Amino acid sequence: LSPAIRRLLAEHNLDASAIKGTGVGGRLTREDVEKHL
C-alpha cells in the first residue's frame, strides 16, 4: 500500500463496501480498487 491509498478513496469518492478485498485475510489492497477505477 502507499500513503496515498487512503486519500485515493476520498479523491474519487468510492464505497469500498462494494469492492471485494481478497487481501491476505479479507483485507482491501490496491489491486482490488484499481480494477474498479
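The structure contained in this document is the topic of the report that follows. (Residues numbered from 1 in each chain as written, not as in the entry; some residues may be left out. Heavy atoms only, no water.)

### Overview of the overall build of the protein
The cut-off we apply is this: Note on conventions: DSSP H or I runs of at least 4 residues are helices, E runs of at least 2 residues are strands, and numbering of each starts at the N terminus. Each residue is placed in one exposure class: buried if its accessible area under a 1.4 Å probe, protein chains only, is under 20% of its type's maximum, exposed if it is over 50%, and partly exposed if it falls in between. Using the Shrake-Rupley algorithm and a 1.4 Å probe, accessible areas are obtained, with residue cover drawn only from the displayed protein chains.
The helix and strand inventory of the protein stands at two helices and zero strands. C-alpha extents for the protein along the principal axes are approximately 25 × 20 × 15 Å. Out of the 37 residues belonging to the protein, those deemed buried represent 16%. Split by element, the accessible area of the protein, about 3400 Å² in all, is 48% carbon and sulfur.

### Thoughts on the environment of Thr 22
Rules: Any two residues whose heavy atoms approach within 4.5 Å are treated as being in contact. N or O atoms closer than or at 3.5 Å make up a polar contact, with two conditions inside protein: a donor-capable atom paired with an acceptor-capable one, and, for residues adjacent in sequence, both atoms drawn from side chains.
Take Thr 22: it is sitting in the loop between helix 1 (5-11) and helix 2 (30-36). For the pair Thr 22 and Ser 2, spaced 20 residues apart in sequence, the C-alpha to C-alpha distance is 18 Å. Residues contacting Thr 22, with those up to four places away along its chain left out, are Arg 27 and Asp 32. In terms of polar contacts, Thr 22 uses its side chain to reach the side chain of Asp 32, at 3.3 Å.

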